[PDB]
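*Asks:* Sequence, then the experimental structure. Questions to follow.
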Amino acid sequence: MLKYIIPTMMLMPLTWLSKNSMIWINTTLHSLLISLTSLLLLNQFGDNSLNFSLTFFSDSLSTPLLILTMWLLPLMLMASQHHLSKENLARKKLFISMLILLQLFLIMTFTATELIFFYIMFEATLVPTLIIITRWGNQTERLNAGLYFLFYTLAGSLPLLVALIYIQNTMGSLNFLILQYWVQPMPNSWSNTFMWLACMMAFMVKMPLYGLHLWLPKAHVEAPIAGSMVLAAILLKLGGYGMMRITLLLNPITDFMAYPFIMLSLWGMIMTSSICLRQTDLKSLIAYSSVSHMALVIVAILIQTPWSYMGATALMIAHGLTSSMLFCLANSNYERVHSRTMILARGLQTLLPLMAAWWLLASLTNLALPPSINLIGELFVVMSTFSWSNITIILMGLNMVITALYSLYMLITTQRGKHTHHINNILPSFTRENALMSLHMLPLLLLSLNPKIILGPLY
Amino acid sequence: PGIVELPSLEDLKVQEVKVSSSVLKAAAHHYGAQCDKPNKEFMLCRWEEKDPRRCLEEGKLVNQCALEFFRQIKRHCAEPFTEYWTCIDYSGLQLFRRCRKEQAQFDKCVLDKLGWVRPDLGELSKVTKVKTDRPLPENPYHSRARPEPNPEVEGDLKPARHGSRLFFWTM
Ligand SMILES: CCCCCCCCCCCCCCCCCC(=O)OC[C@H](COP(=O)([O-])OC[C@H](O)COP(=O)([O-])OC[C@H](COC(=O)CCCCCCCCCCCCCCCCC)OC(=O)CCCCCCCCCCCCCCCCC)OC(=O)CCCCCCCCCCCCCCCCC
Ligand SMILES: CCCCCCCCCCCCCCCCCC(=O)OC[C@H](COP(=O)([O-])OC[C@H](O)COP(=O)([O-])OC[C@H](COC(=O)CCCCCCCCCCCCCCCCC)OC(=O)CCCCCCCCCCCCCCCCC)OC(=O)CCCCCCCCCCCCCCCCC
């Protein structure tokens, strides 16, 4: 994986040796070249993962996450170069360096052959994220947003560390390729119970779990746009990725200890969608929608069936693209009206017709319109959870009601109705912003033609 | 533990040299010269055995030969010796230097009538060799078997197997 780590590292001289005005263009061009290079990870096989070295490998699970991760960086560079137009050149290079460093930590988080290197990169992704949120945020509450984001996560993960080191003393290796073949049944005891809780609660925090989700409506509305894109797009999927790596070790104790977490997620996807029905803040509405969607991935991992894992990985990739597009649309309003109030700028289809088309398409992919990979992941999770218990379709179907009722209401409040009279700085849509919308949406529509590359290790 | 083994009281009875300390110190150089051999056999047995219960017969030889010394003084030169140890016995620190004329009379009478030379300065402090027939004590400290030591380091130092093996570090 060293043909992706070295160009990402070499983006640091490419952003610190550039001209004082060329630094967005150079980093955009070379991050797009790395994103085009990211398709060489698709040498996958039906039995054996693409195993590079002792340090790095990539199956069909980490490969769509890597393609999405290396694709997100040019999109974050395009989104972040408007509010950083008056910024100091040194601080501008610092922001681009934090984006590059976070990309590096993510692309060698998903490719960790050994699980403590996964933990080190998985908790190394906090630091550039924390610096981005607390430094280039906008409001007063970004500082508290750096605390709840941090001290929830470590509260989940500093147990996990200990549990991982226990396996290092017990099995002798945290290699995932060894632990496929040395895995032992984890019986019913209190020691193994808290072993399970230590292995799972860190990723329960970063999904987020309902009840533990309280960091996320604070961390999305207080970050800049590149921070919100990297949280909703990638940094919520470290939890699902880590769960799919770590529940191999946790059997058969998953089949009786994961009951309350399934209950929490099946009720939290109802509760956070209900919260999305009453959010006065647009960016908060997208944050609570992200909690509502990741609850399905939590349920699909905790029932551990093949249809559930395929739906969960399709839903993770689809939600990454869709939530990144919705935060960029909220940014496109926020850069003109300078307020995140959803009721403030109304009737914007009269003023921005093509941007209202992009809002329409992003809201249709939020409500899982077929044949999008949103609907493919949603549908496969609903199939597997109907197989799990026949009653859960109620909690699925009711959710699929409310998931529409905030996807279009967010459309009807911001884009439809009579336009707000006392707002007149609604500029036409920039080519940067429309390019950003199309680079989010056009891969999300092209993956409908070929979904088999985003359906996990067990397609 | 075990019973301590003490000799009986009749094993410790011997004709003691029943004289005072100034009688001894006044005759001390001639006693160190003439009674050399059983005294050195005894002090050899006393430092080699490191047990007074294994040194009783040499102590009886010492207590016999000292009496033979004082008898051989008593047969010939009892009165110059008596006046000399009386002069030595007067002083509190028992100085030899206060009583050199009685020392000269005692040394002259001893040299004439017995043929004894007083040892000069330095001679009685010598370390002398002793010809005894008793064996060397093979275990004077009554020790036991020392524990076997740990096995040492040997063999050619090969490089480490697969590096450090610290969680993921391949070197
Ligand atoms: C490998 C090559 C593959 C090539 C094939 C393409 C594959 C899919 C790629 C993307 C396709 C959609 C792109 C258009 C929408 C986005 C842009 C936009 O706003 O357009 C309006 C604009 C036209 O409007 P305008 O008057 O000029 O100005 C804007 C208007 O004022 C204001 O706008 P408006 O109000 O007029 O427009 C709103 C209107 C509103 O109408 C709708 O939203 C109705 C459509 C959705 C609901 C009903 C259909 C549900 C699904 C059934 C159909 C699919 C399956 C059918 C097959 C049989 C059954 C299985 O939307 C449309 O008219 C868009 C029609 C297409 C919608 C596709 C579905 C998106 C819905 C959400 C996801 C649904 C599931 C996934 C679907 C995946 C399909 C492959 O379009 C353009 O100018 C087009 C520009 C070029 C677009 C290129 C797209 C492909 C790029 C890929 C590049 C790489 C590969 C190379 C191939 C290149 C091919 C050319
Ligand atoms: C004819 C006689 C002469 C022949 C000459 C032949 C050589 C000519 C060229 C000589 C120059 C050296 C070139 C590199 C040699 C290969 C080293 C390598 O790539 O190891 C891959 C190494 C393991 O991969 P592999 O596939 O198992 O083995 C491939 C080789 O065969 C690895 O082979 P190995 O098994 O022998 O490797 C031993 C072991 C293999 O590694 C392991 O066992 C894995 C554990 C390593 C430590 C992981 C720590 C994780 C937690 C901390 C992370 C910190 C943040 C990450 C960096 C953020 C930015 C600072 O590595 C270590 O123990 C060393 C620690 C890592 C240092 C690597 C060398 C860097 C030199 C240049 C420094 C520039 C800054 C680099 C970034 C700073 C941090 C490294 O990859 C990593 O550990 C991931 C990080 C990437 C490595 C460093 C990339 C170097 C090139 C950067 C260019 C761009 C720089 C831009 C500015 C600086 C950044 C802001």
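*Replies:* Arrived safely. Numbers count the residues shown, from 1 in each chain, chains lettered A, B, ... in the order given. Ligands and ions are numbered 1, 2, ... in the order given.

*Asks:* how about the residues of chain A that lie near chain B?
*Replies:* Applying CB under 8 Å from any CB of the partner chain, we find that chain A lies next to chain B at A:54, A:55, A:113, A:114, A:116, A:117, A:168, A:174. Where C-beta positions appear, they are placed from N, C-alpha and C, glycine not excepted.

*Asks:* Would you confirm that the third one contacts residue A:176?
*Replies:* Yes. Counting by CB atoms under 8 Å, residue A:113 touches residue A:176, with 6.3 Å between them.

*Asks:* Give the residue from these two that has the larger number of neighbours.
*Replies:* residue A:113 (22 against 19; other CB atoms under 10 Å in any protein chain shown).

*Asks:* which residue sits closest to that one in space, ignoring its chain neighbours?
*Replies:* residue A:57 (5.0 Å; CB to CB, 6 or more residues apart in numbering or on different chains).

*Asks:* what residue is smack in the middle of chain B?
*Replies:* residue B:43 (3.0 Å; CA atoms, centre = their mean).

*Asks:* ok but that one is inside a helix, no?
*Replies:* Yes. The assignment for residue B:43, made by DSSP: H, G, I helix; E, B strand; the rest coil, places it in a helix.

*Asks:* near ligand 2 at all, the helix or strand encompassing the residue nearest to residue A:113?
*Replies:* Per DSSP states H and E: residue A:57 is located in strand A:57-58. No. Contact of strand A:57-58 with ligand 2 (CB under 6 Å from any ligand atom) is absent, the minimum separation being 9.9 Å.

*Asks:* Tell me the helices and strands packed up against that strand.
*Replies:* strand A:50-51 (3 or more CB pairs under 8 Å, 6 or more residues apart in numbering or on different chains; DSSP states H and E).

*Asks:* how distant is the strand it packs on from the center of its chain?
*Replies:* 24 Å (CA atoms, centre = their mean, to the nearest Å).

*Asks:* So what touches it?
*Replies:* A:41, A:43, A:44, A:57, A:58, A:59, A:63, A:113, A:177 (CB atoms under 8 Å, 6 or more residues apart in numbering or on different chains).

*Asks:* quick one: the closest residue to the last one other than its chain neighbours and ligand 2, what's the gap?
*Replies:* With sequence-adjacent residues excluded and distances taken as CB to CB, 6+ apart, residue A:177 is closest to residue A:113, at 6.4 Å. Residue A:113 is 9 Å from ligand 2, where distance means CB to the nearest ligand atom, to the nearest Å.

*Asks:* ranges for the helices of chain B?
*Replies:* Taking DSSP state H to define them, one finds helices in chain B at B:21-26, B:28-34, B:36-49, B:56-76, B:78-90, B:100-113.

*Asks:* And what about the nearest residue to residue A:163 once chain neighbours are set aside, helix, strand or coil?
*Replies:* Leaving aside its chain neighbours, residue A:163 sits nearest to residue A:198 (3.7 Å; criterion: CB to CB, 6+ apart). Using three-state DSSP, the structure places residue A:198 in helix.

*Asks:* ok, residue A:198 - how many residues close by?
*Replies:* 19.

*Asks:* could you list every residue that touches it?
*Replies:* A:159, A:160, A:162, A:163.

*Asks:* Narrow the residues you listed to just the buried residues.
*Replies:* A:159, A:160, A:163 (16 or more other CB atoms under 10 Å in any protein chain shown).

*Asks:* so which of those comes closest to ligand 2?
*Replies:* Nearest to ligand 2 out of the buried ones among the contacts of residue A:198 is residue A:160 (CB to the nearest ligand atom; 16.6 Å).

*Asks:* Kindly provide the distance from the closest one to residue A:219.
*Replies:* 20 Å (CB to CB, to the nearest Å).

*Asks:* now swap in residue A:143 and tell me
*Replies:* According to CB to CB, residue A:143 and residue A:219 sit 12 Å apart.

*Asks:* Who has more neighbours out of these two?
*Replies:* Neighbour count, other CB under 10 Å: between residue A:143 and residue A:219, residue A:219 has more, with 29 against 12.
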